[PDB]
Amino acid sequence: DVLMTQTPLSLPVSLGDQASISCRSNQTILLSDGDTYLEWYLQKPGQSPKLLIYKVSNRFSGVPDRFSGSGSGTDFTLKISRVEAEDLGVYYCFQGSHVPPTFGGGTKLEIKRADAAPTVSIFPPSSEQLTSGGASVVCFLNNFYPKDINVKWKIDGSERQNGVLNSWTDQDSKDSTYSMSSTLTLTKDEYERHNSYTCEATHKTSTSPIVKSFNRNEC
Amino acid sequence: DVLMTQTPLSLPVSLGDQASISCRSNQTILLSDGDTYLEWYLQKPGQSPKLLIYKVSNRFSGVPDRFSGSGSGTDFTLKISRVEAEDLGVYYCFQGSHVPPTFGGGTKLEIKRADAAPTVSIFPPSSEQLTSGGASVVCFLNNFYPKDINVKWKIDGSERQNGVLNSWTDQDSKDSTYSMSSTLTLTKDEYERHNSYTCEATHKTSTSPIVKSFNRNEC
Amino acid sequence: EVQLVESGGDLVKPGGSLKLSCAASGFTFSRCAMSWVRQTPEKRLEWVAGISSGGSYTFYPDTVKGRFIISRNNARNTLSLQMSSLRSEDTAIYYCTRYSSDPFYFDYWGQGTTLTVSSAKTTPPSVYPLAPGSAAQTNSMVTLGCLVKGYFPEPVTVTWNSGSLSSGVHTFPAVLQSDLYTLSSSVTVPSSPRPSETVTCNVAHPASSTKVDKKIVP
Amino acid sequence: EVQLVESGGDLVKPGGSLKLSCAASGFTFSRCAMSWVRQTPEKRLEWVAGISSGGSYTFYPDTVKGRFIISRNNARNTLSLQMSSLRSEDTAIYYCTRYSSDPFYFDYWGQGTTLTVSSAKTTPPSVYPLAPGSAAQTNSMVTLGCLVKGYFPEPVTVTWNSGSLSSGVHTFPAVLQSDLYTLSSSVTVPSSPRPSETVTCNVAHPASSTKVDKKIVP
Ligand SMILES: *[C@@H]1O[C@H](CO)[C@@H](O)[C@H](O)[C@H]1NC(C)=O
């Protein structure tokens, strides 16, 4: 069960740049016979893996010249020359020359991008929700770059909270931004014990926080 | 022992249509003596079975021409020509030509009426139950069609909980609907920890959940 | 009127023995052959014992051959099923049946008797009034209930206001928790009555002579 | 044209049994060996069975060894996995692949079936409409959304205005809270439709045939 280690794990490269992903093994994949059953796979967001390069370096059908496998023995390296948009995904190397076959950890190619700032929106609980006796305050941090953003929930003064669900979309294909969503869920009677819910975003495009807020009573 | 596969499990017919139930023997029911003794028995709900058809074609006395039996040897059919409301029951075909005699598993004839939406009602636990340590909060979802419905219990909105019993009636003879009961059983302590309790129904007639709640102290 | 009225079923612990019995009327008993057939749990119907008109030849499926005997007391127009070593697959409703003159199929079923075979102790119910609390308002109608919780064995009889209120009743099939049954019945009364007039559930659990009446008060 | 389609992934209580089939087509079966491969939740990939073209001999890693068997049928064109004694550590998307001629690496991967091994129950989603309140703002572009909270298992489908509003919707990944999923979707409409034209998100949870539509109203 030989375990492959891939480096890097994320890989910002500007369109145009070349990319190099290395997949070293803890065991000799070099085979005397026919130098190595190493293959490289691509998994585009929302698709099944496709084969790109087999037996260290032959490109499979329809793979462009821009892909090229290198290495031998125990160290192997995929190189992607002029990176285009459509090369977003994560790549996985695999060992076939041994039982069991062994996949790598995956390298996420993310396309560097002009920075962008989050289009933030904050939404109160609905009546529909409140009637079943729960309250979820939602804040969408839509369309930004890079990935790193920090969301603080404030309820009545600088009282932050504990009980927040955050999910990010993977890199948006052609537009190249990310998007995130944080939901703060309280019970109805604790939601009613307060009055200011503040979603406060901090992102490398500002020293000033994006603060979106509302005050608890429709009047 | 002759296996007798019946299908369908349930035949949803409307009043006025023709309906056919099929029954198959895994060995033949044709008796060399002259012929077969494949029967069809109806069990209208809460009553003991009654013979509709014997020796596959002939109706027992009482039985109206509307009920018609058929086949020979191994495939057998029962066709109700134009269904009246009081045909609801389970049909079992039977074979007497080979010892030991054996019956079909049944086909439940469901009268399909127009869609009807549940009338939902929720009960707090009784003090009597409560003073002896238990709490069952019960939700009745009455008079609906089709039978398919989903209920979920929310405690404090959060707890969608699971510790619950459900029960449906058969299709009601007098108007083709169903009823359902769901009972959340908790201990007095557990019960008294929370405040809002909720009965949430989702079912074809409405495109929004039907929600019913009580706060456990509202004054 | 052909009538087949069975008698006998009761709760029996799993090795016990019980003789069920059936009595017939309306027809010429001896001309006609008889049977016992059982309907289990998921409504599957098994034939369990045929006997000739003269009690000469008697027939059984292997499941019961040897531990169940059929008999037909023809002078007194009785028919009986003497059974022993009752394992739990006998738990079912047993129906006295009569064959036709062509004795390979049945043309009349009796009422049925139930038999429950388990170690489990008979337990009387606890009946709980289900008075509306809810959310939503009041107008046109109200619906009240009874939670007949924790009893063994089945049956239990629920009637609302002794039989006078039969409008909107539904008594739901009972489910089994930990060797103990729970069922409930709901009823719909006009909003005008249940405050001022009064509605009552009367739960009778026959296997312990428990009779409970519970008044639904707000 | 290599086509490989899997079926039968479902919700299983940890300890059960399930068989996933995979129908191959567009190439010659009996010449290509097959494989089944997994993608766990942390997107890690794991090979879990191998069978050589004639179904002659099956290969397994140790974790599944014992527990799953890999069939095939060169006439009807089907590969499969029989999974028994399911562990929660088998929760994954199950791909079936095609092995190349030197049957030591894969070249074509099927579409995948989700196996969720959990004691949880199927529960329909509550969907609540996220209607704009915010820090006021009627700009040019307003963002609406709707929350799909409390459902099991994956997946759910959110489309907007029956699919005729596919503009800038963002649907976020579901995440598990109290053993249950939660997913929310935003949409951005020009401020001049926001109320005047109706925006509605439509949710479908297939596992419990639920279909909900929520009009987003202010
Ligand atoms: C019919 O089914 C029963 C139960 O599976 C079996 O004993 C019998 O052999 C089957 N086939 C025939 C020809 O009876």
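- What the deposited record gives as its method is X-ray crystallography, and the resolution it gives is 2.8 Å.

**Here's the deal with the overall build of chain C**
Step number 1: Per the secondary structure count, chain C includes one helix and 19 strands.
Step number 2: Against the globule reference of 17 Å for 218 residues, chain C gives a C-alpha radius of gyration of 22 Å, more extended than a compact globule.
Step number 3: Sorting the 218 residues of chain C into buried and exposed places 46% on the buried side.
Step number 4: Here the analysis covers contacts within chain C between residues at least 6 apart in sequence; of these, 58% occur between residues at least 24 apart.
Step number 5: Separation between the mean location of the 18 positive side-chain charges and that of the 14 negative ones in chain C comes to 5 Å.

**Some details on the overall build of chain A**
Step number 1: Within chain A, the regular secondary structure consists of two helices and 18 strands.
Step number 2: Radius of gyration (C-alpha) of chain A: 23 Å, far over the 17 Å computed for a compact globule of 219 residues.
Step number 3: Taken across its 219 residues, chain A has 50% of its residues classed as buried.
Step number 4: A sequence separation of at least 24 residues applies to 56% of the contacts in chain A between residues at least 6 apart.
Step number 5: When the accessible surface of chain A is summed, it comes to about 9700 Å², and 46% of that surface belongs to carbon and sulfur atoms.
Step number 6: Looking at chain A, you have 21 positive and 24 negative side-chain charges, and the mean spots of the two groups are 3 Å apart.

**Considerations on the packing of aromatic side chains**
Each aromatic ring pair is specified by the distance between its two centres and by the angle formed by the two planes.
Step number 1: According to the stated counting rule, one finds 46 aromatic pairs over all chains in the structure shown.
Step number 2: When the ring of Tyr197 of chain B is compared with that of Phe214 of chain B, the centres are 5.6 Å apart and the planes differ by 15°; the resulting orientation is stacked. In this pair, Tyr197 of chain B sits in strand 18 (residues 196-202) while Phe214 of chain B sits in strand 19 (residues 210-215), placing the two residues 17 residues apart along the sequence.
Step number 3: With relative accessibility at 0%, the residue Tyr197 of chain B sits in the buried group.
Step number 4: Ring plane angle 70° and centroid distance 6.1 Å describe the contact between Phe106 of chain C and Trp109 of chain C, whose orientation is recorded as edge-to-face.
Step number 5: Its relative accessible area of 0% is what places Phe106 of chain C among the buried residues.
Step number 6: One aromatic cluster is present, formed by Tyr41, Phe94 and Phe103 of chain A together with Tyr95, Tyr99, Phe106 and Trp109 of chain D through successive ring pairs.
Step number 7: One residue, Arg72 of chain D, lies across the ring of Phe29 of chain D, its end atom 4.8 Å from the ring centre.

**A word on the pairing of strand 7 (residues 68-71) of chain C**
Residues in a regular strand point their side chains to alternate faces of the sheet.
Residue and element names in this part refer to chain C.
Step number 1: Residues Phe68 and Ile70 point to one face of strand 7 and are all buried, whereas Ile69 and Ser71, pointing to the other face, are not buried.
Step number 2: Both strand 7 and strand 8 (residues 78-83) contribute to a ladder of four bridges, which runs antiparallel. Within strand 8, the residue paired with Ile69 across the bridge is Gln82.

**Thoughts on the interface of chain B and chain D**
Step number 1: Listed by partner, the interface residues are nine residues for chain B and 14 residues for chain D.
Step number 2: At the boundary of chain B with chain D, total buried surface from both sides reaches about 960 Å², with 46% on carbon and sulfur atoms.
Step number 3: Summed over the shared surface of chain B and chain D, the result is zero salt bridges.
Step number 4: For the side of chain B that touches chain D, the secondary structure elements donating two or more residues are strand 14 (150-155) and strand 18 of chain B.
Step number 5: At three residues, the largest contribution of residues to the side of chain B that touches chain D is made by strand 14 of chain B.
Step number 6: Partitioning the side of chain B that touches chain D into residue classes produces one nonpolar, four polar and four charged.

Basis of the calculations
Residues numbered from 1 in each chain as written, not as in the entry; some residues may be left out. Chains lettered and ligands numbered in written order. Heavy atoms only, no water. Helix = DSSP H or I, 4+ residues; strand = E, 2+ residues; numbered from the N terminus. Rg over C-alpha atoms; globule rule 2.2 N^0.38 Å. Buried < 20%, exposed > 50% of the residue type's maximum accessible area, 1.4 Å probe, protein only. Contact = heavy atoms within 4.5 Å. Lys, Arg positive; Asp, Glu negative; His and termini not counted. Charge placed at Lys NZ, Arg CZ, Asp CG, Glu CD. Areas by Shrake-Rupley, 256 points an atom, 1.4 Å probe, with all protein chains shown as cover. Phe/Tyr/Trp six-rings, centres within 6.5 Å; stacked < 30°, edge-to-face > 60°. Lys NZ or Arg CZ within 6 Å of the ring centre and 35° of its normal. Pairing = 2+ DSSP bridges. Buried area = accessible area lost by both parts, 1.4 Å probe. Salt bridge = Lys/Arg side-chain N within 4 Å of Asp/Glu carboxyl O. Nonpolar A, V, L, I, M, F, W, Y, C, P; charged D, E, K, R; others polar.

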